[PDB]
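What follows is a single structure, written as structure tokens, with notes after it.
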Amino acid sequence: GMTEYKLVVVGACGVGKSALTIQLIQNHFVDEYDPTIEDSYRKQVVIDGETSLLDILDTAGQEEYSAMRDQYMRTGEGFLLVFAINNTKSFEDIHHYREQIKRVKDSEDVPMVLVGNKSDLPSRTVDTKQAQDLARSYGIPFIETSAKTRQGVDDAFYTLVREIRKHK
Ligand SMILES: *CCC(=O)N1CCN2Cc3ccc(-c4c(C)ccc5n[nH]cc45)c(Cl)c3OC[C@@H]2C1
Ligand SMILES: Nc1nc2c(ncn2[C@@H]2O[C@H](COP(=O)(O)OP(=O)(O)O)[C@@H](O)[C@H]2O)c(=O)[nH]1
Ligand SMILES: [Mg+2]
Ligand SMILES: [Mg+2]
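Per PDB author numbering: the sequence shown ends with 167, consecutive numbering throughout.
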């Protein structure tokens with residue numbers, strides 16, 4: 000029957016990964032969601048008229064590598080690389096996330112979308128230009144989002160699914 004998409008949401012602590020996922024799945028904003036909890040969450044959506052089952056891994060836990068997380072990441076079909084526009088370190092970290100995703104997937108041209116979250120905030124330290132240029136270098140789309148307002152949330156996950164469909 001319906002197609003399942005194994006999505007993974009990655010990025011530095013506090014960028015909005017959980018707030019983004021909960022918005023997509025549950026349609027509300029959760030301030031200060033428990034930072035320890037890593038889980039996968041499912042939702043059926045219609046995208047370009049095709050019914051699809053999104054299985055979304057909201058990454059958390061500790062800053063450590065394991066063989067087990069290598070294997071969970073390897074099973075992911077596409078990844079949202081999330082930073083916050085008010086957190087330059089989070090944007091610098093994107094490169095290291097991509098490097099490790101590529102390591103665990105044999106350097107495949109992996110479906111990835113760059114996400115600049117917290118776009119509602121006036122305290123920007125990452126210029127949109129720098130994000131656009133980074134996504135251009137990686138050959139991936141870049142979406143601006145606010146989990147708080149819901150701006151761009153559907154576009155981020157739908158674009159990733161469209162990237163996975165385009166890929167094979
Ligand atoms: C505030 C907590 C939070 O949301 N975090 C912090 C911990 N963690 C970082 C982290 C580190 C490594 C990896 C990773 C990746 C990207 C690929 C392969 C791999 N094998 N072992 C670990 C690996 C990941 Cl997925 C994460 O997830 C983000 C969270 C964010
Ligand atoms: N203003 C604003 N705050 C956000 C947004 N997304 C998440 N937050 C807040 O940023 C903090 C971290 O979000 P969280 O979802 O826990 O980040 P995660 O660590 O990446 O899972 C929390 O206080 C959230 O309410 C956003 O788009 N705008
Ligand atoms: Mg979280
Ligand atoms: Mg441990």
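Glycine included, every Cβ here is placed at the ideal spot set by N, Cα and C.
- Going by beta carbons, residue 80 and residue 112 fall inside the 8 Å limit.
- 156 is the residue among 156, 165 and 161 whose C-alpha sits nearest the C-alpha of residue 7.
- With contact defined as three or more Cβ pairs closer than 8 Å, the region 94-113 and the region 24-40 are not in contact.
- Secondary structure within the region 105-161: the beta strand (DSSP E) runs of 3 or more consecutive residues, fully enclosed, are 111-116 and 141-143 (chain order).
- For residue 72, the number of other beta carbons within 10 angstroms of its own is at least 16, and it is reported as buried.
- In this structure the region 143-152 touches the region 11-25; the number of beta carbon pairs closer than 8 Å is three or more.
- Residue 58 is positioned such that its CB atom lies no closer than 8 Å to that of residue 114.
- The alpha helix (DSSP H) runs of length 4 or more contained entirely in the region 43-115 are, from start to end of the chain, 66-74 and 87-103.
- Sorting 83, 14 and 68 by C-alpha distance to the C-alpha of residue 129 places 83 at the top.
- A direct Cα-to-Cα measurement between residue 158 and residue 140 gives close to 8 Å.
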